[PDB]
């Protein structure tokens, strides 16, 4: 669909792979060990710099297994990697558990998902068109069946 130029900047850097054929995302591998204390955050280096084809972004998303089993997630999920970013890809992991969480070298601790981007042009208006939803949000449709 699209091309990503990848520059490795760490000996342990891995080109990400789609772990199944129909996978949305490719898993991101830590290049260094990081210990994340209870109720804190750590910054995990992926040791890669990217140039996405124009018109695409990369989302950095939480992996479901680590969330369920260790209460670890990507704190800024979905992390926005901009088309024009040329720095190192890094992942902000939060440990919401009561236990230490250790990231080892090669551990897949997030997934990257490419999405097409769409630029907005804003037009100032005195009034908007009316809809049925209108100003309803934040639970306006209820919870209970």
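Positions refer to the first chain, counted from 1.
- The deposited model assigns a higher average Cα B-factor to 66-74 than to the other stretch when 66-74 and 52-60 are compared.
- Checked against the record, the higher mean CA B factor of 113-121 and 97-105 lies with 97-105.
- In the PDB entry, residue 36 places in the highest third of its chain by CA B-factor.
- The entry lists a Cα temperature factor for residue 42 that places it in the highest third of the chain's modelled residues.
- Annotation for residue 11: CA B-factor lies in the highest third of the chain's modelled residues.
- Sorting the modelled residues of the chain by their CA temperature factor places residue 4 in the lowest third.
- Split the chain's modelled residues into thirds by C-alpha temperature factor. Residue 136 is in the middle one.
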